[PDB]
Structures are given as structure tokens and as C-alpha cells.
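Engineer: everything below, folded, please.
(chains A, B, C, D, E, F, G, H, I and J, ligands or ions: 8)
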Amino acid sequence: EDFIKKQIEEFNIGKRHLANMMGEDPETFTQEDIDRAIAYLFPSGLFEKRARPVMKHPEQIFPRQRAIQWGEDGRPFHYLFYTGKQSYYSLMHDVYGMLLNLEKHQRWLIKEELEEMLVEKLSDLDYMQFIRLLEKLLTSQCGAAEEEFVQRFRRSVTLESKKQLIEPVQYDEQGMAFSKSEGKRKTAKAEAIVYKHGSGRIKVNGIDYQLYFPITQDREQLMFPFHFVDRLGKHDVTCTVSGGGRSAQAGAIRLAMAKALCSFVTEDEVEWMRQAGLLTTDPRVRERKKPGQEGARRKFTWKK
Amino acid sequence: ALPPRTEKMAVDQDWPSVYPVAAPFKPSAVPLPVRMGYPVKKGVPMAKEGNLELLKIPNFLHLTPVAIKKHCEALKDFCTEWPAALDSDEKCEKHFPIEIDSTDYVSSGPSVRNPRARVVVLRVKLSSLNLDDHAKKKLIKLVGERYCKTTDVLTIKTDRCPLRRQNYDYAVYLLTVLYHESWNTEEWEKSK
Amino acid sequence: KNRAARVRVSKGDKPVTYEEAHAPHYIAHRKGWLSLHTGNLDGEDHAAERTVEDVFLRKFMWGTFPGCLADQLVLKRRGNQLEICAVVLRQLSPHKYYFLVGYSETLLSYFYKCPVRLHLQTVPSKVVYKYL
Amino acid sequence: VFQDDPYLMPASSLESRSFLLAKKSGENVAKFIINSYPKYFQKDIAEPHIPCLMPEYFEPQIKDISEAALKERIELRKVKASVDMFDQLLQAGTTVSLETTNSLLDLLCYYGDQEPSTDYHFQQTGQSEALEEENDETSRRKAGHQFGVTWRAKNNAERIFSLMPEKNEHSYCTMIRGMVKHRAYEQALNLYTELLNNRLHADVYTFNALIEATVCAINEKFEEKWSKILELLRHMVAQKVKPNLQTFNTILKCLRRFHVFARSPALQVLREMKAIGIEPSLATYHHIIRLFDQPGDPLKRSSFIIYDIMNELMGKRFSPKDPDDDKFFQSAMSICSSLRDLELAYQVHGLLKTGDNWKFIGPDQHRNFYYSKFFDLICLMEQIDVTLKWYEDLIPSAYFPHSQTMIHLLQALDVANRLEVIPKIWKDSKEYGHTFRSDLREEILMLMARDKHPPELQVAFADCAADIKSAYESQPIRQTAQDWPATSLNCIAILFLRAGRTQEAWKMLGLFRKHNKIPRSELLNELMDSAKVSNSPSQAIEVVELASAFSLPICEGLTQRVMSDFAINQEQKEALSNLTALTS
Amino acid sequence: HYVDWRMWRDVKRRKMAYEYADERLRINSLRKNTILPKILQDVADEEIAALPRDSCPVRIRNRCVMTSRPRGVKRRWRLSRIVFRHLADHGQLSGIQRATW
Amino acid sequence: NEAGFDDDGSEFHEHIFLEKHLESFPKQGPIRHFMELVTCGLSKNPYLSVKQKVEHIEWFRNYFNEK
Amino acid sequence: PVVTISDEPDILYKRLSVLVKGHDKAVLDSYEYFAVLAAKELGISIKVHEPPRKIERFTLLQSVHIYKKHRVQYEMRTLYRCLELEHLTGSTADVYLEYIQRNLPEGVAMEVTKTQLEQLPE
Amino acid sequence: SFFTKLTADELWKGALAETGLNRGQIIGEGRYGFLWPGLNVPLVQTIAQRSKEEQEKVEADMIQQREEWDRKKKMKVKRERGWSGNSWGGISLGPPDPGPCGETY
Amino acid sequence: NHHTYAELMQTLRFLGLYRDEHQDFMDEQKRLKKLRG
RNA sequence: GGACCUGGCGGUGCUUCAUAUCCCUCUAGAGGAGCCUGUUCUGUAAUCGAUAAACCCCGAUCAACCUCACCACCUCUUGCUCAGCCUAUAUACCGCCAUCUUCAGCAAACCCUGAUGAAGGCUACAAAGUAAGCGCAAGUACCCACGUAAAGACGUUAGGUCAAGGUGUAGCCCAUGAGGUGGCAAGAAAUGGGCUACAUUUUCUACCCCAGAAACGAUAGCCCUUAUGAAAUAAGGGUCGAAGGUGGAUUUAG
Ligand SMILES: C[NH+](C)c1cc(NC(=O)CNC(C)(C)C)c(O)c2c1C[C@H]1C[C@H]3[C@H]([NH+](C)C)C(O)=C(C(N)=O)C(=O)[C@@]3(O)C(O)=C1C2=O
Ligand SMILES: [Mg+2]
Ligand SMILES: [Mg+2]
Ligand SMILES: [Mg+2]
Ligand SMILES: [Mg+2]
Ligand SMILES: [Mg+2]
Ligand SMILES: [Mg+2]
Ligand SMILES: [Mg+2]
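Structural biologist: Numbers count the residues shown, from 1 in each chain, chains lettered A, B, ... in the order given. Ligands and ions are numbered 1, 2, ... in the order given. Take a look at the structure below.
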């Protein structure tokens, strides 16, 4: 369209001006530099990133306008025009033919992605039938053109690896080896330092654990990782903690020792201890009171 | 109307010449098709020529890096340099002992009357005053509520007089008369 | 139902802009503020007369630029430069626009005792963001 | 000063002046309403106090008959009110002091027994821009007469001067100056003789008023008035008052009125300035420039002193001293336009760019005349690259060019033979508002259809000529109902035929028919060529019939061409033979 | 030319209290010191009792700057609840968001 | 934050040291003790100027002389 | 370019700290980049710091007459950016502070400038 | 109060109550008649004020234009009767709307 | 103080440099009220 | 009157569910005592508005005077205002909301079916539906994609306010408008919601959780002092040592 053409021309001339505007009279002004420059020129302050200012090419700005399907004589181009879903039905026809000639010879795409690739509105059951057809083709022993067909319809997975991040062991102070870890639970911050040897010695906030933690539940909470990993009387921890209460502080301290003993234990045992549930922050925090209520979720009296 | 200067202008032109002042957008002046706003479902961000939100934006167009560079080529006259007072805090403390706090609070409107902006407070070091032994004992006994133990800093506040310069005068006056009364030996010191 | 600043849907023929199209819960998630004064920030004293001057200026501008301001004004206030930015249509005569520009300029100068700057923007027709 | 909206953009200098006077109108609009209602603006919020934002009070707050009330009314410049309560003071018998009687007669002599004008004077410059090339002498005779107050005999000033007991130098000086300002030259001279009899001293501005009065006296020779000026300056020296820049500039204006015989006196005046040690000003140089430049002088050494002046004057920064420095730049560069000297004009622009001489440019009319003559000279003897560079540098950033400047652009481009810039400057002229300029239209059309061009230039010319025809059609019902020019029609038709807009050429041959304008033979031959391309005997017979209807002497050749080049039916052949018989 | 007679009465209170503000301070200090004899404070008691009962800042009601409404006014803008709602929902007043947290 | 606002060159002693306007009575008196209290309060005032401070002081002087 | 070297030695500002405080993080850090670039080509060590934001929250009724249980809650987002500065001259303080407060942004700006001028005891 | 004044769109919405008239004004007209150069009369550069007879004649012309506008509200429109008045059975709607495929009826 | 506000707008409207639709509405309404009531 | 269409109902059928909403279940309360605070009733010369769910620490993030529109008494006439009115009408309204909503529907413009009625438009191994737009969703804020917020269209209840303000209709201008001074907010009683308890996991003291000692409960009444205020309600102390023995039917919340 002439709209798209003059918009592309305007975008080219504008990005040329914009590079000259900031600092970049050289021809190569890349998109992230364009975004940074417009971010500085117009400081957004809007929570919606689509409500922030934008400088893209009109291909990305404007949507995909579908071309005219017929010429100046009627006579539409595709033979499956009068179905109204020419791309989807042509695809179904092609896959069915490839199954037919394969038989005579012998993660998956989402609906929105298929709609983007076909530039046609699609139904859930139509997409499901397409997926079943491609699954039939995959289960049938197929050749390389079929395989690359399945692979241009298939997309990536972007798998995540979930081994606990092992902090480095810093060989420091005088001659001793340690790890310094952090923990947070219920507005309490606890950063701890464990030295490898010392037969078990705790230094919460400069005093010992029987002094900072008179409660046997808190002392048990401190014990928990060492007793799980069977290295009870072997290490020593010096920790400083801010905020919270007795159990929140105990939990944050415990998370810190677990996330430093991870560095001081083998990888199979730290996967085991992560499965035991010591390397994950407890996201359970205090909720908010609401207007018209009597607490976080507690309400007032008679409503029914 | 007229065909605008947005397409009349070309490349290699001076934006400090185009926008001297902090001004609202003026998209006809701007050679950039800026699109603003949450788009409709099958549409684009709305256009450049009439955007109330682009006029609402604080518009840092008049300050581009070459404008900072050339402008401070102009401003490089209005500055001297420092002596060799060194980055060392103890060195600059030795060279210049006292430290006085006197700030301003800039509003934006019709009047420039922020009364709290006259607050003044002086911090001085006894280890840089160097001349107080039973005078420093008498000094602490005079000003008990200040002079925390960890650092040897004396902090005297003034918010009693309306003008900032006489607040500074109150600070230096209290420093010198506390010093003189600390060195003034009294007759009842021995019966402690 | 919430009826704060939400224009209702009639049947599909109602021209409406970004401002009064968007609802008050998008107040700076999508919209932003029409008046930029530092009075409503945590340490300041004069925000009340800032606000009464804001409503005075908006009603004054609506009354002295009769039937030409497209949608609402941009009232900025930096230092002692008060800036009135307008989105006025293209239907009257430019000598009349300049006449009212100077008139509003020095009237607001002698009323608010500050440099007041009228920055105009002329538009052909009332912009339409969607049809409601 | 103007806004940045394309709709609010002034296209011409007249439109810019209209917008500026509208802005000044609105400014004094609110000045009037705020001074009418000062109670609504008494609440100051700004700190520190701003008296020029505080409204001004024009009503006299002192109501009792008093000298304080007299001083208040003098400061408020209420002439009749001050005169009336001075009469009240005289009736009451209160002795009115010398200084305030002096101030009252100061106001009387300054304003000529009339109130100050309620309108701030910006008028008396509303001459039309279509008469800037003829009859500067009658223009001087009908534009040098500002309708000021003539000094009437037995006015309130003379009444106060006769009534007041102890006359002094200040009162006598004020009366001489007021009489000169209100054109009582002989009365001012008689009062100066009375001053000399009364043994008082006249100051600088009084002496300059006397010089102007002696020069403006009627029926005396330039030799006699020069001797009188010498006598007045000898009296000034004897009274030990030191002359100055305004003194010798009044003298130079007077000898500028005194024309050719005063050139060597002007040189003597400037030499005496440099001998005494007072720096001559831009207005001093203006007065000598406009003296030595007179129409009808065949020598132009009076124009070589301009090169002398600038050899004195390069590289200097100036301060305001004398009101005619804008006239200095305008007059010196009028010399540049008269002499056709590119190097001196460039030296003038360089002196302009040195310092605040861009401030010394002055008013908008002087700026427009300055830059118009500059770009006329640049187009007259510069090369096209620097002319277009000056075009984009000055237009429309500095000024709005005029229709004479446009046709001079066309002449420069025609001499240049760089005709590819024609559509761009045409679009610029249309956006500046020269759409209805028939001289511009005729010039662009004849320079545009003069020669055969490459086809992209031809189709650009087709678009431009179509828009010209659109403007000619879309000028409805004006008193200057300009008939379609035959040359403009022929040029538009030739351009359309060259670009291939043959059907447009045929319908505007219908337009030839309705306006009864004689077409050109080159156009008719191009129409024959287009008929050859289209293979249209009907169109060939049509244009031959038009030629026969206007009885042009090429119709027999057109017919012979048609018979040689087309297969013609017998009735059309009979019609063509009948047309040839009618023309023969 | 006011919002109502109540707001006119209130601005009369504001003005005439502001101008009868100084002497009330002086002898209210003469109240709430304990230095002076009781009868020498009593004579002062009758003179403050004779001071007018519309300048005492106990009658000062912080009504809204925009429309007279006694209760439901936020002091920082002198605005009532729903007029503040009006301005902050049209977004003619900066910095105010809808509190979602 | 202090454009103008000179307060006629008061310079730090007129604001807080009010002996010269105190005009000492018998200093053992309760009137003198009350004057010490008022002098300290006017010294702690940053909003009133020395002119209002003294005028307030001689208002007290006038009333005490009346009684 | 008038200079006027007049008479008296420098007032010696150490740690001019500029607290720039607003409603908009993009305004704050664009101003940060502007001032850091400016002081960078000036030659003065400029440092950055982010004091935590404060949100002033409060509650109003929604209906005009009744319905206290349904309320609208409003908030102010007040966001600090500390631009602390050490080792700069008095005249340089005038010129840098000059240009900074001249190109201060709109109602999304306040700037509290804390000057520690040193001086000698007396 | 000027502050508690409100717009005519809201006023007419509240007055008409349909959810369950200023075009006859030039930009510079007031009853005192302080006619300016920027408004009303074009931009001699002279500020002035008209007389009482001119003011009353101008406002009489404006009012008679107002009752003319009221009359051109309340004319009577002639509807052709279909089978009876206040009916629909013989009412002629116009020719059918032109079809989107270049068709005329 | 509201007097400068309200009376300045009264004056400026009656000058004709201000157009206040609220006052125009009550003017038309009270014209009809004096017409029939 | 006969036969339908659509909707609502059904102490209407089948099937699948709800999970703090439906029951069995889990925890802590109300209803029983005292106090505080609204409301009803009585009373007074003494406002008004809310009043099943969707009223009842509601307009009020709040009444000694003020607020205040109530009453008593006495005064003002171009009355701060080219007046005003808190006069009636929420069944004329705008304005801002409640409720379904702890929903997912509402739908311009078309097309088709029903012999061209009101109406209706479902079968993916597919029988006539296509859809702009609003909403849910999505995107945002807070600490995550979770959760909580916000958001929730058309309409329902003529659902709430002419007393926030504006306002159409009808009325007043010797009044129903304006100002000054002084009073109005008391319980034979009842009820809604909170607070404190009836104690042993309790009470007092130190400590802020390894002791000692008891073996109870008013934030009510009266007195003193203080804070603020012109003029006391609040705070502290003193004094006193109530009723009360974990509360039936029913019910709330998670
Ligand atoms: C008597 N009915 C026919 C009625 C009449 C009007 N208005 C009029 O007809 C009066 N019109 C005039 C005054 C002449 C202009 C009415 O305005 C009303 C009603 C009904 C009421 C009922 C109200 C009631 N409450 C207040 C006790 C109630 O219980 C309900 C309810 N469903 O809960 C109501 O419907 C009710 O609140 C209500 O809204 C009514 C009216 O609005
Ligand atoms: Mg009939
Ligand atoms: Mg009711
Ligand atoms: Mg009443
Ligand atoms: Mg609700
Ligand atoms: Mg919600
Ligand atoms: Mg949502
Ligand atoms: Mg009802």
C-alpha cells in the first residue's frame, strides 16, 4: 500500500534525523539504540510499555494487511478461494496428499502462531484437526521433505535447568575458606558466612545461638540443614540479621546456611537438599487490609 | 495549511539551533513521527500531529548530547579549578576544619518562600580544634546532648533567626562563645 | 457501577479521544496527567492554591477560547514559567487567534504574577481515537 | 515571535505585519482593561515585588488644589487638567513654585496643548507595496508631513510664560524647543534673541532646535542659512556649551535637505567631528550617505565615499546613540543596490554579522527592503549555487520576499539555464502566497515552456501548470477580473502537449474558444504533432477550424499538412476546402 | 458572589480573627503562665470575655476551597472528598494514582 | 530561597538579644521573670521580625504601666 | 563573554548533593544521564544514588451519601534520585547549578541541593 | 460563583434528562459595547465605544433575529397523508438506497 | 477571596471577551421565566 | 375464546458440580454480663437524609460555641451577589455509586429459516450463520507467571443523595430570604455493631518468653489534677471492688 510505502520512507528519513539528532551521523543506527534514544528524548513514565513511545519500522508498527485475492477480471488466484479459508484448507490438502503418497509408497505450533503464519482467523477445532493431521504424519514413517515440513511447523521449547547456583568458595581472611550467603523471609534479612571447619559454631549478631534464640523451635530451625546433610559438628557460621521476628529471623538464617552449605556440599546432596526444600525462598508474606473489611481476607458481620 | 518543516528540513542540521528552550512537543517542528498511546486491537499507536499525551510528556528534545557538548563549550569560561587539597578527607579536614550546613529548597510557582530552607547546622572536629583538655571536658559538659562517642563531631543547629547569613552568624558565634566559656575557668569546678 | 470518567457506549457512533476514552484506573498506567505542578509532591506547602489556580485557568481558557479548544489543556508549571499548551481547532481567523493569545498571555501574567506562555497547536478536526 | 503551527504561519510580509499588529493590539487590550479595573489585580503573589507587573494608576489621587497635585498631574501627563488647576491655583492666590511651573510648561511645549494620543503610535507606514518604484519626490512631499500640532498663537504655554514672574534659562529653552517642534521657527528665533537680550544660556537641544528652525525658515539662500549655522555655533562656543553627536547630526540632516551644494560642508562637518573627538555614529554616516546619494547625479564619487565610509567602518561593534542607524543600514545598502557592487554588499553583510548590527537592522519594513535588495543583487551577479544557498539561508528565516524578487529569481535562473529548480521555487512561492501574482505566473510559464525538456521535467511542469490553471479557475468574482493571458494559455498548452496531457490540451483549446485569445503558431504545430501521434483527423480538423475562426495566416499550411498526413473523407475535405475559401 | 452564606460567614471569621489575633495571643499567654496574681489574671479574664466571639479560632471550620462542605475535606488541597475524586479521576491533578498494592 | 527579604539589616542580635528593648526593671521581680520568658519566646521566633518583636514588648510595657 | 575576576578567594563547596525527587522514574534517570554527561565533560566527579521511593496512600469514600464499605484508595508515588557531588568550585557550583535548575523538568521535579562549604575557624 | 459554574453540555444533559443554543453570538459582543479592533470591527488601530442608540439598535436586531430563529424552528412541515393522517400506509419513502455494486434504483 | 474571581469574570463576560455557558443558560431560562411566569 | 412465540417462575426431571458455600465436617466469635456507639420508641420549643439482602461507628477520615440547615427571642430591607432559598419533586435530572458481579454476556451492519407471524439460527467424521465495538480475557500495581488488588459491559431494583454542588418544574420576597444571643443531643424500654471480661494456656512484677508471687472483672460512678479551648471532651492519678460462673433457638467469618 502507498500508506506503507510513504510510512517506510518517513521512518527511514526519521531514523536518519534521529541518529543525527543524538550523536550518530554514521549510517548504522540499530534498533536498541533507537529505543534508548527515544527513551531519553521522551521520558516515558507510563506503566504500559505499549503506551511508552515507540520507533519501529511500519512493518512492525502496522498489522499484516492481506493482499487482494482477485484481479481486475474477478478470477481469484487460489483455487480454494470460495472456502474463505484458503491458506488453512490448502495446508490441509497438502498434508493429506503427503500422507496419501507416503502411504502408497510404503513443541507444537499454537493456534495464534498458526493464525499469524496463515493471516486467517482460525477455529480451535480446526487447529486441533491440523495438529492431529501432523501427528498422523509424524507417526507415519516419513521422508525428509515431510520432516522439514513438520519442523517448520514445530517451534522451540526453551527448557530451563534447575541445578542450584553454587556460590564460589572464597579463600580469604587469614587462611580459611568460606561462603557468604543471603536469606530473606517475612521482612527479615539475614546474611551469613560459613567457614568449612570449626566443629559447629554460630555467631548470630555477635552473640551465640543459645543467646539470640532462647526458643528450642528456633534452635531446631538452625539445626535442620546440618542434621539433614549429616555435617552437624563440622562448620561455623557468623551471621548478621535485620528486621522481622524470632521465627522469620530463624527461617532467613536457615535459608542463608542452606544456600551456603550448597557450596560446601556435593552436587547430588545439594539436589537432594533442594528436594528437601531448603534452597527456596518462602514467598508467604503478610497480605494487605482492604477498605470495607476487617483484615486481609476476614470480612465484617451479616451479609447474607 | 502549509507543507510542514518536518519534511522541509533535511539531514546535517543543528538541533541546538532548532530547539533552544525547553518547549512542549510541537510535532510540526519535530522531524520525528512519534506515536503515542495504547493502540486499538487491530490498529497502531496513534499518530504524531495531534497528541495531547506527547504534549504532556516533559519533552527532553532541547537537550541532545551535542547540545550539551557545544553549550558547555560556551560555559567552560565560568569556572576555576581546585587547589591540591587532595581527595583525602583527613587532608581536607586538616586544611579546612569546620563544616557548615546551609541548603536551599527549590519550589516551582509564584513564590520562593520555603522557610525551612534557612536551617543551618555546624559540625566541627575536636581533633582538628586541637586546643581543649579540661576545656574539652567543660565543653562536653556544656553540650551533653550532642557529640556522639563514636566520632568526634560537634553538631550545633540553628533555626532561630529568619535569614540564612545570620543563621551562619549564630553558628560561628556559638562556636566562638562555647570555646571562650569552655576556656573560662569557673570557681566551682573543683567541687565536682 | 463505576461512573467516574468513563464515557459509555451508545451504539458505535460517538467520536471520542484518548483522554476521555481512557478511564481513571489508567490514570498514569496509560494516560498521564494534564497538569504538571510540583505542589502535590510530598514536601510542598502551596498545592491547594495550585489546584484552585488550575481549575480557574481551565475554566478561563474554555470560556475565552469559545468552541475551538479540541480537548482539554496541557497546564505545565516549571519554576515561574507557567505554560498553557492548547490543541485549538482551525476554524476561526488567525488574527483572532493571535489577539486572544496576547490577551490571555498578559491577563494571566497580571493575574498569576508570573511569566505565562501560550503555546498553541492548530488541528483541522477533532481527533477520533475510537467510536463508542 | 510567531507561533510554530503551519496554519498560524504568516505567508507574506503583510500577513506577518498584520499578525504582529494583532498581537500588539491584544497587548494594549489588556493594558486598557487592567488599568480600567486595577482592583482585581492588586493581590500580588510574586516575590520580589514587581512594579511593572503592578497596574498603573492614571487618575489623580490628590484632589485638593495643591502643588503636589500639580506634580502628580504633570507626571500623569494630563495637560488640560494641569492647566485648569493651575488656573485654580492662580485664582486661589497660592504662589506656584518655579520648578513646577517649569514642568508644566515642559508638558505644554512637549504636547502642544493637547493630550497624549491614546493609541501608541505605530501608524503612518501603511503604504501599499505596489508603488515602491515611482515618484520618490512626490512621495517625499506627501509622506514628510506628519499631521502634528502647529504652534497656535496665544496658547496655554504662552499664557503661562507671560503669567510667570521670573523667567529663566530652563523656561526659555523649553519654549524655543517647543516652538521648533511645533514649527514656530521665526517665533523661536525671536525668543532666542529675547534670551540673548535677557542674558541667559541656551543648552544643546535648544541650540539644535535653533539650527533646525533656521534651516526650516522660508525664503533664504543655503549660503545665508549656512552663515547662520556658523553664527549659531559661534554663539554656542561663546556661551561655552559643548556641541555633540546629536548637534552635528541635526546639522547633517539639514544639509541633507540642502542637497548638492552641501557635500563639501558635510565633509568639513565630519572632519570637525574627528578633530573635536566625538565618535561619528551610524546615523551620521546615514545622513552623509543620503546626502551624497541623489537621483540624477552622473559622477558617483559621491557613491565612492561609501567605500571610504566602510574603509573607516569595518570590524567595529556599535551601541545605540541616534535613532537613524536602521536607516543607516537601509540607506547604505540602498547604495549597494544602486551601484551593483557585490563585494561592497558582502562587506555590508559582514559588518552586519559582526556583533549586534543585526539589532541595528531595526524595523520589519527596513529589514524587508534590506534583504530584498540583497537577494536581488545576489541573483543579479552571483552564481546559482551560492544564490540558492543564500535562498535557503535567508528565506523564509530572515524575511518574506516580494513579487519583484520572484521575477528576479526567474531572470537569474533563466540566465543560469538551471531550469530544474523551477518547480521547487514555484512551490515555495505558492506556500508564501504568490499564487495570485499574474506577473509571476506569466514569467514562470514563458520560462517554463520556452524550451524542450527531459520528460521528468516535462511532467513536473505539467503538474505545476495544472495547479496554475487550477488557481486561475479558482479565482472567482474579484474586481481585478483578470482575463486569461494568451501567452499563459499558450505556455500551459505547450507544456501539457510536451508532457503528453493531450486531452487537457484539447479542453483548454475549448478554453481558448471561450476567452477568444489568439493561439500561437508553435502551439498549433505541436497540436498537429499530437494529432499525428494520436491519428485523429477529427482533432486535426478541429484545430484547423480554430485557426480558420481566428483567420490566422498559417491555416492554409495546416490544411495542406492535414491532407498530406491524414486519410480524409470527402465531406471533411469539402469542409476544409470551404474553410480555405473563406480565409482566402 | 460566594458559594454560600456559610462560607461567607467563615471567611468573615478568617479575616476578623486574623486581625484580632495578636492581643488574644498576648493575654492567652497571660492566662497560661503561672507567675501573676489571680486577680491580676481575673481582670484579663473579663477583657478576653469581652473580646468578640467570632475571632476566637475555635469557630474556624476548614471547609472546602471549592464548594462549602464541612466534613469530608482533605487539608492538603482543601478539597472535599468527591470534588477531589472529580479532579483526580479526570487527571487534571498530577501524581495521584489509584492505589493498587 | 531569599530573593529580597532583607529585614533592614537586623544581623543576628536584634532578633534574639533583647536587653536593649528589655529596659531592665528590678530584675528580681515576677514582671522581670515574665519578661525573660517573653524575650526567650521572641528569640525563638523566626517568623516575626524585630519590629513586631519590640512592638509586642512595648505593648506589654504599656499594659503593665497601665496596671 | 564577561568574566569579572573580582576580589575574594573561593567559598569551597565540598559535597554539593542534589536530591532530584519526582513522580516519574524515566524523567529522573533521563535527568540523571543529562547531568552525569554534563559533569563528565565539565570534569567534576558526579556520583549516583537511589534512595527508596515513598508512596503516600490514603482512602476516600466512593459514593456521595452512603456505602462506606466501597472506597477509592489514592496514592502518590514519590521517587528519589540522589546525585551526590564532591570536589567542585564555588563559581563552578554557580554555573553548574545554574544550568541544572534552568533545565529542571516540569512538575515532575524537585531538587534539594545540599551545599557543604568548608571555611576556616574563627 | 464562577468556580461552581459548569458547562452547558452538562447543564442541558441534566435539564433534558433524556438518559433516564449559543451559535447566535459573535466573539466580541458584550452589552457595554466596548468594541475592540481585534474583535467585531476589523484591525483602523483605534479603540472606541459605541453609543446608546447603536447599542440598543444592535441588541434589537439580535433579538429580532432570535424570534426569526424561533419561527424557523416552529414552521409547519407538510407530510402527505397515507390512507389517513397519523398513519403509515401510504407514506412514500424515497427511492431505494443505491446498491454497493454500482447500482441505482 | 472570590470577589476578584467572580466580579472579574462578570465584567469580562459583559465585555464580551468571555463566554460563560452557565450564565448564558440561566439568562435564557430567566428570559423565558419573565416571559411566562 | 382457540393455537402459539419469548421471558420469568416451578415445595420441576436427568446429569455434573459448588468447598468457606450446599451438607457432614475445621477454628474463632455473636446472641447471655458491663461499657462505647448508631437506630426504634417515649420525651423536648427543638434539623434532615439511609432504613431486606444493597440501613443500623450510615452522610460524619466525627456536633461545648462554631459546625447548624433545628427551636426561642429580637432586629435587616435592593439583602456578600445584576439577590437568594438546606423550599417540594432522587417518580425530571446531571453528578458519584450500591446490587446481580464470589456473572459472561451485550451487540451496530448483514444473511438465512419460519407459505416473508411473534420469533429463531445448534451438530469439526459439521445441518446457516458472518461479525465491527463494549465486557470477561489480555495487558498493568504490589513480592513472581501465584495470590491479592484494581477491572467487570447492556440492563435490574422509578435502588441512594434537589442536603456536596449544579439544576428543570412549581413557590417566596415582608420571607419560606438575612443577621445577632441563648438552648436542643434525656431514658419506664428495645435492638444492630464493636470493646472488655467471666480467669489457671489466668493475674501482678522484672525480663521482653528457663524467675518470683497470687489463686478473678468497669475504657462504668464520685473526687483531684492536667491538656485544649473564651467558656470541660480527652488524659493521668485517687476512690470504688458492680453485675458477672463462657451464653438456648438461631447465626457470622475464615
Ligand atoms: C408509593 N410508591 C408507589 C412509590 C412512589 C414514589 N413516587 C411517587 O409516586 C411520588 N411522586 C410525586 C411525589 C407526586 C412527584 C416513589 O418514588 C417510590 C415508591 C415506592 C417506594 C418504596 C420504597 C421502600 N422503602 C423506602 C421503605 C422500599 O422498601 C423499597 C424496596 N424495594 O426496598 C422501594 O422500592 C422504595 O425504596 C422506593 O424506591 C420507593 C419509591 O421510589
Ligand atoms: Mg389527523
Ligand atoms: Mg428519601
Ligand atoms: Mg430555612
Ligand atoms: Mg459496588
Ligand atoms: Mg474489588
Ligand atoms: Mg481484567
Ligand atoms: Mg422504588
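Engineer: what does chain H put close to RNA strand J?
Structural biologist: Residues of chain H found near RNA strand J, taking Cβ under 7 Å from any atom of the strand as the criterion, are H:4, H:6, H:10, H:11, H:13, H:14, H:15, H:17, H:19, H:20. The C-beta positions use only the backbone N, C-alpha and C, and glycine is treated the same way.
Engineer: list the contacts of residue D:231.
Structural biologist: If you count contacts by Cβ atoms under 8 Å, 6 or more residues apart in numbering or on different chains, residue D:231 has none.
Engineer: any part of stretch D:17-30 near chain H?
Structural biologist: Yes: if you take Cβ under 8 Å from any Cβ of the partner chain as the test, stretch D:17-30 does meet chain H, through D:18, D:21, D:22, D:25, D:26, D:28, D:29.
Engineer: next, count neighbours for residue 39.
Structural biologist: If you meant another chain, say so; for now it's chain A. 18 (other Cβ atoms under 10 Å in any protein chain shown).
Engineer: wait, I meant chain E there
Structural biologist: 9.
Engineer: any idea which element residue D:489 lies in?
Structural biologist: Secondary-structure assignment from DSSP states H and E places residue D:489 in helix D:486-499.
Engineer: which parts of that helix are buried?
Structural biologist: D:488, D:489, D:490, D:491, D:492, D:493, D:494, D:495, D:496, D:497, D:498, D:499 (16 or more other Cβ atoms under 10 Å in any protein chain shown).
Engineer: what does it rub up against?
Structural biologist: D:441-442, D:445-446, D:448-449, D:452-453, D:455, D:458-459, D:461-462, D:465-466, D:468-469, D:472, D:502, D:504-505, D:508-509, D:511-512, D:515, D:517-520, D:522-523, D:526-527, D:529-530.
Engineer: isn't residue A:146 up against residue A:97?
Structural biologist: No: judged on Cβ atoms under 8 Å, residue A:146 makes no contact with residue A:97 at a distance of 11.2 Å.
Engineer: neighbour count for those two, which is higher?
Structural biologist: Taking other Cβ under 10 Å, residue A:146 and residue A:97 do not tie; residue A:146 has more neighbours (19 against 10).
Engineer: ramachandran angles for the more buried one?
Structural biologist: Phi and psi for residue A:146, reported as degrees, to the nearest 10, are phi -60, psi -40.
Engineer: who's in contact with it?
Structural biologist: A:98, A:102, A:137.
Engineer: which ones are touching the last one?
Structural biologist: Spelled out, it's residue A:137. By Cβ under 8 Å, 6+ apart, the neighbours of residue A:137 are A:95, A:98, A:99, A:102, A:146, A:149, A:150.
Engineer: show me just the buried residues among the residues you listed.
Structural biologist: For the contacts of residue A:137, buried by 16+ other Cβ under 10 Å: A:95, A:98, A:99, A:146, A:149, A:150.
Engineer: need these in TSV with secondary structure, can you?
Structural biologist: Below are the buried ones among the contacts of residue A:137 laid out as TSV (DSSP: H, G, I helix; E, B strand; the rest coil):
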residue	secondary structure
A:95	helix
A:98	helix
A:99	helix
A:146	helix
A:149	helix
A:150	helix
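Engineer: widest-spaced pair of those residues?
Structural biologist: A:99 and A:150 (12.0 Å; Cβ to Cβ).
Engineer: for chain A, what is the nearest residue in chain H?
Structural biologist: Minimum separation of chain H from chain A (Cβ to the nearest Cβ) falls at residue H:101, amounting to 12.5 Å.
Engineer: gap between that residue and chain G?
Structural biologist: Going from residue H:101 to chain G by Cβ to the nearest Cβ, to the nearest Å gives 53 Å.
Engineer: by contact count, what packs against the helix or strand just after the helix holding residue D:489?
Structural biologist: Next in sequence after helix D:486-499, counting helices and strands by DSSP H and E, comes helix D:502-515. Other helices and strands packing on helix D:502-515, by 3 or more Cβ pairs under 8 Å, 6 or more residues apart in numbering or on different chains; DSSP states H and E, are helix D:486-499, helix D:521-534, helix D:537-549.
Engineer: kindly export the shortest one (C-alpha atoms) in PDB.
Structural biologist: Coordinates of each C-alpha in helix D:537-549 appear next as PDB, following Å, rounded to 0.1, in the frame of the first residue of the first chain:
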ATOM      1  CA  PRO D 537      -8.400  13.600 -38.300                       C
ATOM      2  CA  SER D 538     -11.300  14.900 -36.300                       C
ATOM      3  CA  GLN D 539      -9.000  16.700 -33.900                       C
ATOM      4  CA  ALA D 540      -6.900  17.900 -36.800                       C
ATOM      5  CA  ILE D 541     -10.000  19.400 -38.400                       C
ATOM      6  CA  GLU D 542     -11.000  20.800 -35.000                       C
ATOM      7  CA  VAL D 543      -7.700  22.800 -34.500                       C
ATOM      8  CA  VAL D 544      -7.700  23.800 -38.200                       C
ATOM      9  CA  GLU D 545     -11.200  25.100 -37.700                       C
ATOM     10  CA  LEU D 546     -10.000  27.100 -34.700                       C
ATOM     11  CA  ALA D 547      -7.200  28.600 -36.800                       C
ATOM     12  CA  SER D 548      -9.700  29.500 -39.600                       C
ATOM     13  CA  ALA D 549     -12.000  31.000 -37.000                       C
END
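Engineer: which parts of it are buried?
Structural biologist: D:537, D:539, D:540, D:541, D:542, D:543, D:544, D:546, D:547, D:548.
Engineer: if we can go back for a sec, tabulate the residues of stretch D:17-30 next to chain H (TSV), appending secondary structure.
Structural biologist: Formatted as TSV, the residues of stretch D:17-30 next to chain H follow (three-state DSSP):
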residue	secondary structure
D:18	helix
D:21	helix
D:22	helix
D:25	helix
D:26	helix
D:28	helix
D:29	helix
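Engineer: that's all I had, so thanks and see you.
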